[PDB]
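Undergrad: Okay, handing you the structure first.
Every number in this text was worked out from the coordinates using simple rules, so none of it is lab data. All Cβ positions, even for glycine, are placed from backbone atoms using ideal geometry, and neighbour counts span all protein chains on display.
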Amino acid sequence: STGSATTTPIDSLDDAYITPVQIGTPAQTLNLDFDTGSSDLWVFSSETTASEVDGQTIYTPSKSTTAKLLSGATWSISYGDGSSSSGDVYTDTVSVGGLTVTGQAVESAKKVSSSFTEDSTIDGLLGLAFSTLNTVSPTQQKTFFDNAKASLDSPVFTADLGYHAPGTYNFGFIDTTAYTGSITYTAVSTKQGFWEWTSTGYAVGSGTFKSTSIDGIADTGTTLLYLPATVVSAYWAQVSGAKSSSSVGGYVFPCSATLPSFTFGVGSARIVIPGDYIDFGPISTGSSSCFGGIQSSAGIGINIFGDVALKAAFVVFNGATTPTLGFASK
Ligand SMILES: CC(=O)N[C@H](CCc1ccccc1)C(=O)O
Ligand code: NA
């Protein structure tokens, strides 16, 4: 089997991407944030505290003939941005882009933090990291991908995120029309439960490539590119008037600037992030300080190849027994 679903930016900055997901019988379609940095499929629901719902579509298990309470199971998750959610668990039928899993754990939110409430466009998350990170207790649950894996034509999914445009998540096949040149595969560690790999270095604009190992995660659920402070300082040093602002909490730059590209290495291959991908717009409405898309990881504890980096590539998440990542230009 395979599946193929379009993923759409939630706003004009590509802050996140939503993908429609069918849950239950008859189908209830919710728009979920597919997150390769977490392992819970959770949704706004008929159980979510009413004051914490503001415009989201909710899953109502009582209206699904295939929903079953997973008795005694609870979940609670905290993300890198400080947001959180928690609740109880149902099993139900979940379909993405024509690919169906029966008995998927659908984590129903009783509580969500303010950042989720305030984002009316995201109805929940679909985690695509390794199932070792799943937060369901006392019986950990599998991701949609791990449940689908044995049924797929090939044990893979691909992320093809758009720049200010829709893109695609495919499951079970690699669309050879969706990328240029060849795909370069690189090793993954699952030791922390993430799609963790080591980039071979970077370049700023038309500068020389610096060969240096940068260990980080491929995370579709993070907007920006978070790299070591040395690398980030070298990038922003090429933008007149750019500075790190502890008031704003990152590098900002004059909105009048033209940004240089940023290249990262995947083995001997190179992925180029155009400068425009690194512009996240005025910090507050009407400001001429713009927020940067490359930020320091020094206050995180891990480097994160978020959407700024991933949307410059066609990315293969290869979940064979020995997982790998692949990157192609597009
Ligand atoms: C150095 C690099 O970019 N790739 C190699 C092979 C990665 C690999 C492993 C198994 C099957 C296909 C590919 C590596 O990271 O060890
Ligand atoms: Na922000």
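Undergrad: Using only alpha carbon pairs under 8 Å that are at least six residues apart, calculate the relative contact order of the chain and give it in whole percent.
TA: Dividing the mean separation by the residue count of the chain yields 19 percent.
Undergrad: Once you put a point 7 Å from the Cα of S62 and another 7 Å from the Cα of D276, both along the Cβ direction, what distance in nm separates them?
TA: Result for the modelled spin labels: 5.0 nm.
Undergrad: To continue, here is another question. So for the chain, if I pair up every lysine 8 or more residues apart or on another chain, how many of those pairs have alpha-carbons under 17 Å apart? Show your work: numbers first, answer last.
TA: On the way: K68/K110; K68/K142; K142/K191; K311/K330.
Total qualifying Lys-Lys pairs in the chain comes to 4.
Undergrad: If only Cα atoms are counted, what is the Rg of the chain, and what is its Dmax, in Å?
TA: Using the Cα atoms of the chain, the pair Rg, Dmax is 19.6, 60 Å.
Undergrad: Further question on the same structure: Using alpha carbons only, how many angstrom separate the centre of segment 130-203 from the centre of segment 4-61?
TA: Computed from Cα coordinates, the inter-centre distance equals 19 Å.
Undergrad: Now, a different point. How large is ³J(HN,Hα) for each residue in segment 210-220, as worked out from phi by the Karplus curve 6.51 cos²θ - 1.76 cosθ + 1.60 (θ = phi - 60°), to whole Hz, x for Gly and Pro?
TA: My calculation for segment 210-220 gives 9, 7, 6, 6, 10, 7, x, 10, 8, 10, 5 Hz in order.
Undergrad: Pick from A257, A67, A203: which is most flexible by mean-square fluctuation in a GNM of the chain where alpha carbon atoms under 10 Å apart are linked?
TA: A257
Undergrad: Semi-axes, largest first, in whole Å: what does sqrt of 5 times each Cα gyration tensor eigenvalue give for segment 175-330?
TA: Details: eigenvalues 148, 54, 41 Å².
Three semi-axes, in Å: 27, 16, 14.
Undergrad: What number does segment 1-119 give for Rg over Rh if you use C-alpha atoms and the Kirkwood radius? Spell out each step's value before the answer.
TA: Details: Rg = 13.9 Å, Rh = 14.8 Å.
With Rh from the inverse mean 1/r over Cα pairs, Rg/Rh is 0.94.
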